[PDB]
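Chain residues, written in single-letter form:
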4 protein chains.
Amino acid sequence: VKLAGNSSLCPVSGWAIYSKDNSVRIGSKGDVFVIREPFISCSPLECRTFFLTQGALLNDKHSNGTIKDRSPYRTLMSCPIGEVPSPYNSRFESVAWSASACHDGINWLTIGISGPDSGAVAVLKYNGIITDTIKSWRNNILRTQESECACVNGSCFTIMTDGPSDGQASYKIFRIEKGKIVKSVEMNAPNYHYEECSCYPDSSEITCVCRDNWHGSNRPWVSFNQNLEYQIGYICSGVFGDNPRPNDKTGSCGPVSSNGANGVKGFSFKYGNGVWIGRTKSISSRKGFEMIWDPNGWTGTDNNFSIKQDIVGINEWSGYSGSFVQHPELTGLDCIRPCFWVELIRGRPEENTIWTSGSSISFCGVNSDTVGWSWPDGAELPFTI
Amino acid sequence: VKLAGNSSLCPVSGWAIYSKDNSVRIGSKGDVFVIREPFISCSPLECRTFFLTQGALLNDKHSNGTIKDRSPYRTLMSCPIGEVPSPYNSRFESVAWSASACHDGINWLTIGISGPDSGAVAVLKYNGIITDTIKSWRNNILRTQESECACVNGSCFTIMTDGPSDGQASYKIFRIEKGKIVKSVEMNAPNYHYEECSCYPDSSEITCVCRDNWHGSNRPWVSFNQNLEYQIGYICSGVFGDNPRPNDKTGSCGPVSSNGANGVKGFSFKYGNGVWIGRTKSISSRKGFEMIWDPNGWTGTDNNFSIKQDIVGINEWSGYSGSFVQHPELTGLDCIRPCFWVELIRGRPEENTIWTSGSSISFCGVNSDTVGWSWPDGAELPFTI
Amino acid sequence: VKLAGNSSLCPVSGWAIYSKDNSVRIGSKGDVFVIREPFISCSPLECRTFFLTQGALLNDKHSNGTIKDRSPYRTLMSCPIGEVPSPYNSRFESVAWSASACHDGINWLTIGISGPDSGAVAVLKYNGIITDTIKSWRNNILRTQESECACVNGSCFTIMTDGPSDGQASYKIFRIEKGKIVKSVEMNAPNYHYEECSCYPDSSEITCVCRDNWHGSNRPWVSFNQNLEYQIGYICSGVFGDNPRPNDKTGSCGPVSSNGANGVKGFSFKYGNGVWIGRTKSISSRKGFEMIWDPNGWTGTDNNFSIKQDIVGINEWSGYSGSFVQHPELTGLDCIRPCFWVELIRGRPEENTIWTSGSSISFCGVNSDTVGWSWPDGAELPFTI
Amino acid sequence: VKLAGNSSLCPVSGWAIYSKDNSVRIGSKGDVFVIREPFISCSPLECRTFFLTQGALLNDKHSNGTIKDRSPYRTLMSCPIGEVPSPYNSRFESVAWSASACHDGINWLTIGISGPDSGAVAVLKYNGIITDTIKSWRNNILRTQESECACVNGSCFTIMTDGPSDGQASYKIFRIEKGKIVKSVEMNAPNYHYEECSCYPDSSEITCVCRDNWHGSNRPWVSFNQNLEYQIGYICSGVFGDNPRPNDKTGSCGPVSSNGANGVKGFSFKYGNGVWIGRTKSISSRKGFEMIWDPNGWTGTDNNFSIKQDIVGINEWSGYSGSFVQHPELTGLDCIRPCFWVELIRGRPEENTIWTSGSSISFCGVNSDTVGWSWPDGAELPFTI
């Protein structure tokens, strides 16, 4: 059966920890991959964790210099949620250095980009069979969401970027039906930057929250229906979500350019005028993580919020964060439940090692009593390599 | 398709060894988890072993100081019975430092407690989906059975404790239907201590034998129906149950306080006025194990018994002990078969290592010819690390 | 649907290699068990290899002194045919130091003996549930076939021995229906010895060829119907079967006491008056293996034969040998196909190591063109331990 | 339902990266086999990778001298596509040093040759059961395709060679129906050499492209219907196929003998008069790989082509190459899709190691936009052994 997306998003007041993966603690002795960008996607029977292996095992000589991110060895794989990425319990999905995966209620769809920086090619697979193929239209690094896409009524929607990472790029929205592209629309967004977007279906409509890697320290968004009729803007809130970001002050609808020249992959949930902002705790480095509920944070420019929940302590390393969705066909409720994941990066950029790998944690929103704590990666670096 | 639980408990005269796990012998070279409290639960198709990993492998540098029991890295996992807990053959269940799991004949229910000591939160999962959530009441260490619960007619019953571990705590009984809490009742038991209960169904009723960690050297019990109408007391037999216990003498129906200040998790089966007491051979440390049949132990205060069976030698290390049952929907008989498991702890508290891990053995009650022997953990400590 | 054993045994003229296990070559780096007596049993869907793990991994410090054969750590496990006995791909069956397993077309039956020498107890499991239990009746040592048993209709037939290994013991035949013993008969065989039998069904009758560890260098046999009406004797051929055997000469109908004081587990197939003898190439040590077709070997005492096939070279180590059967419900033919397995022992009793482990090979009987070769264990001893 | 063939080969204009396993650069730490001659075969549900293990793990003392390609330890195994060949995730198929496997839409058929050089015997298995067995004729090294065969209307067709590898051999075509050899025809091809052929079905007929190991630097071919009515010849193109080959010039319809003393396993697809030649970039050693589209290459002797795609760089090691097919019963299209695989050999023959192992990559043909790149093996030799 298909996967309808006509039911609105569940209102939540807290987040309960779903899964925790101890990849780097177990990888000092066991055989686990050196992974990056570990997003989670769910199916009407189970939820899988998708990661981008670098072709090497942890605590090995082939994990040297894994700060590189575009090599002919990166592959997309998947393992059951909560389990370490290992060669003996992972499933091969595609060969890619940028990827995304979804389930339309019948079969898995995976998009994977692999090729030269000028002329990369995206290969679409439906049930493990190549169905369609895209090529770069502006001859720069072609990127995908790095997260799961949104599938509504049997059609799955993704966003791809092509162009400079510090200038004006080109943005495209795709509608995919059973692995074949049936409609693509190029966004007309001058003075905007969309990159590594997190998309969820709400009311037969798709909402994506992206990162501005050029001149924005808040987060842009785009919303479109099944005919790809889009609306663009930024999240107007004093609770900035990007990293690096300035200290909290009055935001604006336009790209706020105070400390916005890079970013980290993030997300947010729209609840009318409110937002559930998930950001780090350090305005300079990727340290800590927290959840903030701003009652009027989607259109009102002030730094006042209502609820804050602690997820990772301010002294513990953090990284990419994205959002996934559990449909009523799986949970059994009458609405769509929001969930999210966080990646805990530990390695070369900020520590004196030769590699770079990240563990993951996952939370799901509930209407019950929840507590805030710190669930970090308890690895003891450096390793023996 | 759901478990009825309306049959009486099978009368037995002996115990036949069901499974044995050589986790620590194999973990010196292989990749196995550092586990603790490995209870067992059965389903209408198979029986699983549930353990609480610390997030590190045996013979690894991350197994240092695993005598700690409440950390953000402890997770609940499960593996098929008789198999070593390994990253490559285990299934992730929940994130918890105190957990219990059950099967109501349709789907698996797992309760998992994780959070701060003052404010811990229990997350209930039905078929891998978060369904309900509980929070601590008295803001002390919220703890659960550490063993499987009892499911009768589609409802599963558990007991949770909240308060001092050497004083008067608060005790609660829960009824769970398809992951949602339907009814909770707070026990009114002055001068009692209930902790780490082992519950089994018998004639549509639930009986739990718990651990008195405050002033009792015998074991308390509680019995309730599906409406949570409870009866409380102590197992008044001269054959004491806890590990720090006096030499055998006339017991009492109230808490006997001679050597009882820090118990160990155990069990017992009621057969009218009789009991099947499972205890350790040493009254000082967790060494040895045996099963004793007292014909009038549940109500008569004398130290005379009838049958004793040897399960672990007096010079071999022992640990936690709990009880599980096999329903007629699985065995095919007309009554509920009693079974139990023992954990064999090897590590820091009594040996000169840096870690603490435990293997397990299992026994099933039969009406045939059985022998008493010693089935210890044949590990040779210390390890390389 | 249950297995019927009414179709006669297939006439064959050669043996084609079925599977080969490189357990010891792979176990120098990988994690494989230290196994012994690796028999094979088939099911209407697949064939499994059953072995007796000793609780330790190969190339490990717990492999010291594995020449011992009765310890509380030995367990019966199973893995798919042709695959190494690894902890990550094996299934736990029972706790035993002497075991056998069978499939009656519906579910797996496993018998496992574990306990003291004087008082060992056999635990019968049907579909993983304990169903019946036997105790030693002469209180010396309780042994089983170490191979698969014969299943006709829903009943499976095994032979158990109890008594001296160098004197006169007591012999019993069991009929098992759905895990429960329905009829047992004690053999009256003065001046005979049956220790490790290989049983196959032919025409709704069961024939077992056993080991004489007291008198004879030839092999005894027993044949019985479903009511346990047995016939006893010895294989009257000049082509002797046991490993400590004399040079070929005229055989005898009773125990030939020339070099018969020990023995090795073996087999033979009856074809009227003919036999398919599987023996070792060395009359003093367990080296080499071959299959010999004697047209009148079952009753005619002469050393002349017709066909010989080489399976292991005379300079390569060999060991236990047994026979299994592929029923028409699996192969699809109209008769029962003969098959056999060989164990290749490498370790302490003949080499300068600290351990003792064995690999396995399998052959199937065919009416096509086949070749004789040597398929030994290519391990390079000693290891690094 | 059985595969039908019955449809023509899909016209393609490019090749999309399908799978890639990083076996050699994961086996430096993990446990992977020392494999050689991989190939991929697809079933109506999944595609498997078949390899010929040498009985030893990578980075182990038993990897010494893994260049002897005919030993009694080589076995045929299979693992899911894109996954490393490991003892814990691969299935045993047969014992062979020369093998091929196929799926007729119902069950897997595997052919495996193992035995002496003069007297090797091929064992045919259907659904894991030995069904037929065939023996050598000219008492030389009996070879099979080393690739998947072609199954049309429930019958699978293979080619075997027997005779000198530098002279005139004997070639045979087999039709196999449910594991039993139905019809065999001996090819009458004087002054031809057929070896290691790659066969695909097209319009209910079989076309095979082989290697000439005696005096040809181009590639021979053979095409036959279901009654084994064959047509023989050579690929008449100036774009030569074998690895030892001269510089491009006008080809010939016979065995062009310039540098044809040896060869490497390869393939080609016929599209009327055109060819899709897959060859290496180095005319002396096995380095690089590319696909070339010659519009009239099958019959027109000129060196002009129209399309070239880069798959491995000229400075990266390459090896065997073969072709497989995805039927409409799996993809869902209306025609047969062509795909191919490449093996990346790294080890003793060309580098200063003690072993020889190869990774693999796979491509499938599409009518979309594709890019040429280099997807080599990123191993860093020598290892620690």
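Residues numbered from 1 in each chain as written, not as in the entry; some residues may be left out. Chains lettered and ligands numbered in written order. Heavy atoms only, no water.

- Determination of this PDB entry was carried out by cryo-EM to a resolution of 3 Å, according to the record.

## Notes on the overall build of chain A
Step number 1: Across its full length, chain A holds 2 helices and 25 strands.
Step number 2: Here the C-alpha radius of gyration of chain A, 19 Å, is about what a compact globule of 385 residues would show, namely 21 Å.
Step number 3: The principal-axis extents of the C-alpha atoms in chain A amount to approximately 50 × 45 × 45 Å.
Step number 4: The buried share of chain A, reckoned over its 385 residues, is 70%.
Step number 5: For chain A, long-range pairs separated by at least 24 residues make up 59% of all intrachain contacts whose partners lie at least 6 apart in sequence.
Step number 6: Put simply, chain A shows about 11,500 Å² of open surface, and 44% of that area lies on carbon and sulfur atoms.
Step number 7: Here chain A contributes 34 positively and 38 negatively charged side chains, and the mean placements of these two sets differ by 3 Å. (Helix = DSSP H or I, 4+ residues; strand = E, 2+ residues; numbered from the N terminus. Rg over C-alpha atoms; globule rule 2.2 N^0.38 Å. Buried < 20%, exposed > 50% of the residue type's maximum accessible area, 1.4 Å probe, protein only. Contact = heavy atoms within 4.5 Å. Areas by Shrake-Rupley, 256 points an atom, 1.4 Å probe, with all protein chains shown as cover. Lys, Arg positive; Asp, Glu negative; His and termini not counted. Charge placed at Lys NZ, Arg CZ, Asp CG, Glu CD.)

## Regarding the relation of the copies chain D and chain A
Step number 1: Once chain D is rotated about the relating axis by 90° and shifted along it by 0.0 Å, it coincides with chain A to within an RMSD of 0.2 Å. Accordingly, the operation relating the two chain copies is best matched by a four-fold axis. Considering only C-alpha atoms, the part of chain D nearest the rotation axis is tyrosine 88 of chain D, at 4.6 Å.
Step number 2: In this assembly the copies use different faces: only 10% of the residues contributing to the interface of chain D also contribute to that of chain A. (Least-squares fit on C-alpha atoms.)

## Concerning the interface of chain D and chain A
Step number 1: Contacts between the two partners involve 40 residues from chain D and, on the opposite side, 37 residues from chain A.
Step number 2: Across the chain D to chain A interface the summed buried area is about 3,100 Å²; carbon plus sulfur atoms make up 60%.
Step number 3: On the chain D side of the contact with chain A, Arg25, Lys29 and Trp373 of chain D bury the most area, a combined 23% of that side's loss.
Step number 4: Put simply, chain D and chain A have 11 residue pairs in polar contact between them.
Step number 5: Elements with a contribution of two residues or more to the side of chain D that touches chain A: strand 1 (14-21), helix 1 (23-26), helix 2 (328-331) and strand 24 (356-366) of chain D.
Step number 6: Top contributing element to the side of chain D that touches chain A by residue count: strand 1 of chain D, with 5 residues. (Buried area = accessible area lost by both parts, 1.4 Å probe. Polar contact = N/O pair within 3.5 Å; in protein donor to acceptor, adjacent residues only side chain to side chain.)

## Details of the relation of the copies chain B and chain A
Step number 1: In screw terms, the move from chain B to chain A is a rotation of 90° and a rise of 0.0 Å along the axis, fitting with an RMSD of 0.2 Å.
Step number 2: Residue by residue, only 11% of the interface of chain B is reproduced at the interface of chain A, so the copies engage with different surfaces.

## Re the sheet that holds strand 19 (residues 274-279) of chain B
All names here are of chain B.
Step number 1: One open sheet accounts for 4 strands, arranged 18-19-20-21; its pairing is antiparallel. The sheet terminates laterally at strand 18 (270-271) and strand 21 (307-317), the two strands that pair on one side only.
Step number 2: Sheet topology places strand 20 (residues 287-294) next to strand 21; 6 bridges connect them, and they run antiparallel. The residue bridging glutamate 290 from the neighbouring strand is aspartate 310, located in strand 21. (Pairing = 2+ DSSP bridges.)

## Looking at the sheet that holds strand 21 (residues 287-294) of chain C
Residue and element names in this part refer to chain C.
Step number 1: Taken together, the 4 strands give an open sheet; going across it, the order is 19-20-21-22, and neighbouring strands pair in antiparallel fashion. The outermost strands of the open sheet, each flanked by one partner alone, are strand 19 (270-271) and strand 22 (307-317).
Step number 2: In this structure, strand 19 lies alongside strand 20 (residues 274-279), joined through 2 bridges in antiparallel fashion. Residue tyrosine 271 lies in a different strand from strand 20, and its bridge partner there is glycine 274.

## A word on the arrangement of the chains
Step number 1: At the level of C-alpha atoms, the two units chain A and chain C stay apart, their nearest approach being 9 Å.
Step number 2: Spatially, chain B is disjoint from chain D: no contact exists, and the shortest C-alpha separation is 9 Å.

## A short note on the UniProt feature "binding site: Ca(2+)" (unreviewed entry) in chain A
Residue and element names in this part refer to chain A.
Step number 1: The residues that UniProt annotates with the feature "binding site: Ca(2+)" (unreviewed entry) are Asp212, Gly216, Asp242 and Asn262. For this annotated set, covering 51 residues, all C-alpha atoms fall within 8.4 Å of each other, a compact arrangement in space.
Step number 2: By secondary structure assignment, the location of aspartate 212 is in the loop between strand 16 (206-209) and strand 17 (220-224).
Step number 3: In contact with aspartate 212, other than residues within four places in its own chain, are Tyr192, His193, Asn218, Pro220, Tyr234, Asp242 and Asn262.
Step number 4: A distance of 2.8 Å separates a polar side-chain atom of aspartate 212 from the backbone nitrogen of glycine 216.
Step number 5: Structurally, the position occupied by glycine 216 is in the loop between strand 16 and strand 17.
Step number 6: Looking at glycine 216, the relative accessible area reads 0%, which means it is buried.
Step number 7: Those residues in contact with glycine 216 that lie beyond four places of it in its chain are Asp242, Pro255, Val256, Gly260 and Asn262. (UniProt positions renumbered as here; feature names shortened; annotations may be inferred.)

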